[PDB]
Amino acid sequence: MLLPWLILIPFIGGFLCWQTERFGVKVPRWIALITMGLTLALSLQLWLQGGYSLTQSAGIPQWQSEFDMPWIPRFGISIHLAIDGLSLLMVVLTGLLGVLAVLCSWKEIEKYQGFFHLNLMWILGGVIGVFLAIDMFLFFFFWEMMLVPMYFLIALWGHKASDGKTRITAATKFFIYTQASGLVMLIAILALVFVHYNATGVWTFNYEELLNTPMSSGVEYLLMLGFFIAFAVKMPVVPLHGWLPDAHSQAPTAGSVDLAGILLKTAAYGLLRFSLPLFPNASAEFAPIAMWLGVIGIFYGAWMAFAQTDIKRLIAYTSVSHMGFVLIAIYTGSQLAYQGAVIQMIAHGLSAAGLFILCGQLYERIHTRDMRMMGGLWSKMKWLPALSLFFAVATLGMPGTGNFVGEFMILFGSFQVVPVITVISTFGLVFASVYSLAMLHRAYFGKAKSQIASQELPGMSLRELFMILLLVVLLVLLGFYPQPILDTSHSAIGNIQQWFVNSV
Amino acid sequence: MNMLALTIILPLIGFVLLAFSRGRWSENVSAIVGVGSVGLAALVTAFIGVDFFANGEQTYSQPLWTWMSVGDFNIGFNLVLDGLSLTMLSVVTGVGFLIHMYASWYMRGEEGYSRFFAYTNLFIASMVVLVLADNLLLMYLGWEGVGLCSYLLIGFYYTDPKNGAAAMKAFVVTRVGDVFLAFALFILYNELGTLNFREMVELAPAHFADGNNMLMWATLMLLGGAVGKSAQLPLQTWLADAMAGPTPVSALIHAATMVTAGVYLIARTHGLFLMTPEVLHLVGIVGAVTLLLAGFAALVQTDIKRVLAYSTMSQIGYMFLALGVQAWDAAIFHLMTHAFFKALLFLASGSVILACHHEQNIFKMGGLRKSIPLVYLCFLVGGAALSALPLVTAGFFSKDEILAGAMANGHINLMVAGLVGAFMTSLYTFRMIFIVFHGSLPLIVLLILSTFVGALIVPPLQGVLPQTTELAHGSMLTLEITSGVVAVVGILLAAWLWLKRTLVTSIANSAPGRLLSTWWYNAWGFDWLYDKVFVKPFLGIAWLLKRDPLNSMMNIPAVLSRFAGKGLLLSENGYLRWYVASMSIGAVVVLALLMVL
Ligand SMILES: CCCCCCCCCCCCCCCCCC(=O)OC[C@H](COP(=O)(O)OCCN)OC(=O)CCCCCCCCCCCCCCCCC
Ligand SMILES: CCCCCCCCCCCCCCCCCC(=O)OC[C@H](COP(=O)(O)OCCN)OC(=O)CCCCCCCCCCCCCCCCC
Ligand SMILES: CCCCCCCCCCCCCCCCCC(=O)OC[C@H](COP(=O)(O)OCCN)OC(=O)CCCCCCCCCCCCCCCCC
Ligand SMILES: CCCCCCCCCCCCCCCCCC(=O)OC[C@H](COP(=O)(O)OCCN)OC(=O)CCCCCCCCCCCCCCCCC
């Protein structure tokens, strides 16, 4: 009932951010903060009234909330929203990251700032719509309509130091990757709908009815592969990753775009919600390939992160390695590893948000991303090197931060399932420590390697400092007390796990 | 007595306050906050020990919350205290308090005073969590904390790139050890379903009645973590190269917290190690080999701090040997006494470094007894405890119990390795002492504690650790006699060579002698071996991959599309006759295709 308004509030807020552009230049940032805070507080309200900790696994489907309104009745297509514990954690994460994105672009006083806010809330509403939709066509519709605002702001609002051709190239690469993979997912969706219509005789795009689809072994594999190609472009899974560092490097300078579009992990949610319950046998046969792709992602992303001279590319490849861990977790079929993957998704969102915000601030003060032109920055800045030290410490998976809870719970469940992959992944944790310390030494330690690094730099503003400290506090609380998050997503994870292991 | 959480929280409060102070407070205020938090932890430890002895030495449990609860995966945030935890907590808090006082005197006028004390307070907090945890995951939290704090404190003078390189090396080597420890944790949860130490010991014999392979794997990985943190074979290079940091950092790492963590981990998990006797004898072998290599390296070192580092490695090898021969009480007693005299030796070395006001070589020094006699006396008593001077110092008694435990169990190779290691310790210790010296309330406190007064302290390990098998009184008498004779022979012989230097220069110039001296100066080539097999291939693969080959191979279809479009656009030449010709060609193709089906 309140989920249609969950998708509609960001859209109307961005529309009004564009509409009241005439009343001022610093007007639409307050409207942006108001609508993102409204979405966040509404999500917190539905969390507090959800009662997910007192919910038992009663099979699939099992939603806290659901809503259906017929949109294209010719194909049996309806706006069908639903919410349970995992999707609620994802939308609360989306609201928090959207609030941080609005707070991140606060000082961007431009003529067309209202349109940038409109694009940002179209992105956030699209991510929320992917997290809430349970109609397959409608889910794919949100999956692909997140693309156009993200393309336009990467191409037009992106990294100003680089030429416009580089930003346009990065935006086009990202759009082509994700839209081609989305079209493959649409092909899989259409084939599944037609197979069910041939089996029964009724048109439906409802996820709850497509679950009981009798398919031969091999057709289910192809449908799973189309879904996985979409979810692997967006995950990112190697070798479908390079759009991610080129899009992060050509993202807008403030860092809001990294938070709004990329650092929300809709592909892991899609694999948990759609790839495993619709095609459980095919996912079971596909599991070793996905696990070895995850291992390759971990080590390749670590080696790529060590090789960078740009900080933003280093953080992007760090994200690639962490999502390799998550990809190993999702295909284990283990409840402990699934819960660890949920914790890892949330902790990766918070920690990479902190890293990208700090990198954007550092670029604001030193006007370069090149790590050979900076050094000894611990003696020049007041807050930035120590908070960067905290987020790089959380990045390598230090206990006391939520990343450790996620990674080690993933590794506990995976060692219960796949021991050798777990051993190789823990040596990947050693690699994570190596690249985090390399970034810390190249940026903030040693002597100044240029003229801008030899100068005292201004301290951070109170808004950026307070949002960074909020991320720090949330990461520490996740590391020391992850139990509310686990109790929130226990029922949905349990139902997905039971459907996955009771069908193979 | 429920103030174990206080002993965790107080150094945490000190770290948080001094970190958010960011150097703005005065030096006196920063010293008060850091040293007062560590001293308050020590005082709460003292009261906890008093009440622990008042209640008949009973194990106490203080749960706080449930850290993780996912089905059968139940990890609690609970502390436990027994005699071993009390001994480690007392050693950590007291020696850390003395080092904090000396660092408060020593770091005057330095940059990052409050940052230094915040890092040391987080170090103390992490080690208190390490020694007080009742399960392996909370102990892993403390393990990673002490690793991170050691990285932060070794590279304290961050402007010098050598300091940062040493800190990064220490962190990476310790993290390898922690990955081995993580393997042990995964094995133990997968097998026993719990990570609580008492519960694992209770459930291991029933679960492993048929197959003992996974328990042997878990204990081997526990030893891997232990040698990772205690700087033993094959992860010992970081202690050699961690001299880049300041002197109280070295005292904290070598005496109070860092190197004792592996010994504590082996002692705490002694039930699992006793269920796998081959792994326990492997612990003893690792300790014996490590102390042999450390002594042979310590004789040929050139700086005071490197000699002290390799002496620390040698005595940690002694403790590992004592654990391997089931002399648990001797191992913990030697841990306390070595904490005392090694902290004292590092404090005196820092004093002589301040007196020389430079990182001067030891071969230039000589005749400093007429200028700084108190530092000479501190170095002499610390070396006498190091070299086991009989009936004067506590280190002699601790090594005597270690050797008695080695004798009473029936291990001859470990016994002779310990004897020649005591000989080697005497030679390198008095080599350093007579090369440098010929040719202060904490200082008094650990000078007193480096005598038999420190030997009077008995660790209360009756209920937690098993008692060592009693050697015969005659055999004990001959072992004490031969230990004293070996120590005195080493002292007198090293004083004979290193009082002019004539016989030493014979092997110090011969080609096999130069080869052996340079081989033992390079940590037996382990740094070179690790550079060749780990670091250089890592840099090579990173340089090979720096251009992102997978991105290019996925960019290949865009190149193919551009080439195909450029090729197809050549047919749009604008000639009407070619357009008619292409229409007729397409007509031919369509007609032929329709005819062939
Ligand atoms: C200019 C650039 C563009 C042009 C050049 C590049 C090429 C573009 C085209 C590429 C795709 C080609 C077609 C791929 C699908 C082939 C389908 C097929 O052959 O299916 C056969 C069979 C069908 O199932 P069947 O067994 O008949 O079921 C009835 C009884 N069971 O199928 C099965 O039984 C299952 C077969 C599964 C394996 C075949 C599909 C491989 C897909 C490879 C990509 C994804 C790999 C995994 C993910 C990697 C990391 C993201
Ligand atoms: C380059 C980008 C685009 C990707 C390539 C384009 C799509 C390639 C799809 C290849 C499909 C190969 C199918 C081979 C068999 C076809 C004839 C046949 O025997 O069909 C069997 C069956 C009809 O018999 P029926 O009684 O209806 O069976 C019900 C059980 N499903 O048939 C059915 O029931 C329907 C079978 C549908 C199979 C799924 C089709 C879509 C799968 C997702 C996309 C392709 C795979 C992922 C991408 C590959 C790499 C690019
Ligand atoms: C738990 C018991 C022990 C068990 C093991 C635990 C190990 C894991 C611990 C994880 C936490 C991160 C550890 C590393 C943090 C390093 C921060 C740092 O360097 O602080 C020092 C720095 C002051 O240094 P200084 O040079 O004087 O000032 C810079 C400018 N002049 O400080 C500053 O510049 C300002 C402070 C920067 C950030 C400090 C740390 C923040 C994270 C911890 C607290 C988070 C909030 C806790 C409360 C949450 C709500 C209840
Ligand atoms: C090794 C770490 C040791 C612990 C100290 C520091 C931990 C990190 C501090 C920030 C995060 C705290 C997260 C945990 C808070 C308590 C969670 C909880 O469940 O509390 C409830 C518990 C009483 O309920 P109980 O019945 O035990 O629970 C069973 C199911 N409800 O409540 C209790 O039992 C009361 C617990 C009180 C704890 C007070 C801690 C004060 C810490 C001050 C310094 C903070 C330093 C933060 C940074 C550390 C390094 C990153």
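We did not get these values from a lab; they are worked out from the coordinates using the rules stated. No Cβ is skipped: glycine too gets one built from the backbone with ideal geometry, and neighbour counts run over all protein chains shown.
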Just one of A:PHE152, A:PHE140, A:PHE175 is within 17 Å of A:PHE228 (Cα to Cα), more than 16 Å from ligand 3 (Cβ to nearest atom) and not acidic (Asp, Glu); which is it?
A:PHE140
Take B:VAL44 and decide whether it is more than 14 Å from chain A (Cβ to nearest Cβ), within 16 Å of ligand 3 (Cβ to nearest atom), surrounded by fewer than 16 Cβ atoms within 10 Å (Cβ to Cβ) and farther than 30 Å from A:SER57 by Cα.
no
Identify, please: which residue in segment B:18-41 is within 16 Å of ligand 4 (Cβ to nearest atom) and β-branched (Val, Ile, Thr) and is, among those, surrounded by the most Cβ atoms within 10 Å (Cβ to Cβ)?
B:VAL38
From the list B:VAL146, B:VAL129, B:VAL176, B:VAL172, exactly one residue is more than 10 Å from chain A (Cβ to nearest Cβ) and either part of a helix (DSSP H, G or I) or of a type in the set (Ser, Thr, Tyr) (or both). Which is it?
B:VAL146
Here the qualifying pairs (Cβ atoms under 9 Å; residues six or more apart or on different chains; first in segment A:187-204 and loosely packed, with under 13 Cβ neighbours inside 10 Å; second among the β-branched types (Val, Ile, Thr)) come out as A:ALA199/A:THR213
Counting only helices (runs of 4 or more DSSP H) wholly inside segment A:408-504, the ones holding at least 1 residues that are closer than 30 Å to A:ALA307 by Cα and away from chain B (no Cβ under 13 Å) are A:462-480
Selected residue [surrounded by 22 or more Cβ atoms within 10 Å (Cβ to Cβ), of a type outside the set (A, V, I, L, M, F, W, C), within 16 Å of ligand 2 (Cβ to nearest atom) and under 30 Å from A:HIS196 (Cα atoms)] from A:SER334, A:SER283
A:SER283
Quick check on B:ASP527: is it within 44 Å of the chain's Cα centre (by Cα), closer than 30 Å to A:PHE431 by Cβ and within 14 Å of chain A (Cβ to nearest Cβ)?
no
Looking at segment B:354-406, which of its residues are within 17 Å of B:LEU446 (Cα to Cα) and in a loop (DSSP other than H, G, I, E, B)?
B:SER387, B:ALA388, B:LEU389, B:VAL392, B:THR393
Answer with yes or no whether A:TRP63 is out of contact with any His (no Cβ under 8 Å at 6 or more places or on another chain) and in a loop (DSSP other than H, G, I, E, B).
yes
Being part of a helix (DSSP H, G or I), among the polar types (S, T, N, Q) and either more than 16 Å from ligand 4 (Cβ to nearest atom) or within 14 Å of chain A (Cβ to nearest Cβ) (or both) is the filter here; which residues of segment B:48-103 pass it?
B:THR87, B:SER90
Of the residues B:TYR189, B:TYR140, which is within 14 Å of chain A (Cβ to nearest Cβ) and within 30 Å of B:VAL535 (Cβ to Cβ)?
B:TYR140
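Would you mind finding the one in A:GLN339, A:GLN344, A:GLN361, A:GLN335 that is away from chain B (no Cβ under 14 Å), farther than 19 Å from A:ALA438 by Cα and not acidic (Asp, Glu)?
A:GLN361
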Inspect all residues belonging to segment A:217-239 and state whether any of them is of a type in the set (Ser, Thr, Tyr) and surrounded by fewer than 22 Cβ atoms within 10 Å (Cβ to Cβ).
yes
For A:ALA267: the one exception among (1) within 16 Å of ligand 2 (Cβ to nearest atom); (2) out of contact with any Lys or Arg (no Cβ under 7 Å at 6 or more places or on another chain); (3) within 17 Å of A:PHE175 (Cα to Cα):
(2)
Can you confirm whether segment A:194-212 contains a residue that is under 23 Å from A:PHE115 (Cβ atoms), more than 16 Å from ligand 2 (Cβ to nearest atom) and of a type in the set (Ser, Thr, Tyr)?
no
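The rows are residues; the columns are (1) away from ligand 4 (no atom under 16 Å from the Cβ); (2) over 19 Å from A:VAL257 (Cα atoms); (3) not charged (D, E, K, R).
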site: A:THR318; (1), (2), (3): yes, no, yes
site: A:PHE356; (1), (2), (3): yes, no, yes
site: A:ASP370; (1), (2), (3): yes, yes, no
site: A:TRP378; (1), (2), (3): yes, yes, yes
site: A:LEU384; (1), (2), (3): yes, yes, yes
Any residue in segment A:306-332 that is assigned to a helix (DSSP H, G or I) sitting within a Cβ distance under 6 Å of a residue that is among the hydroxyl-bearing types (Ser, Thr, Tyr) and surrounded by fewer than 24 Cβ atoms within 10 Å (Cβ to Cβ)? List the pairs, counting only those 6 or more apart or interchain.
A:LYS312/A:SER249; A:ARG313/A:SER249
Check every one of the helices (runs of 4 or more DSSP H) wholly within segment A:201-294 and list those with 1 or more residues that are away from chain B (no Cβ under 14 Å) and away from ligand 4 (no atom under 16 Å from the Cβ).
A:207-210, A:219-233, A:266-270
Of all residues in segment A:384-407 being β-branched (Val, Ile, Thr) and within 26 Å of A:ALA290 (Cα to Cα), which is farthest from the other protein chains (Cβ to nearest Cβ)?
A:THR395
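The rows are residues; the columns are (1) small (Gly, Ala, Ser); (2) touching a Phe, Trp or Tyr at 6+ places or on another chain (Cβ under 8 Å); (3) at negative phi.
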| residue | (1), (2), (3) |
| --- | --- |
| B:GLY14 | yes, yes, yes |
| B:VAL35 | no, yes, yes |
| B:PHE47 | no, no, yes |
| B:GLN62 | no, no, yes |
| B:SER69 | yes, no, yes |
| B:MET88 | no, yes, yes |
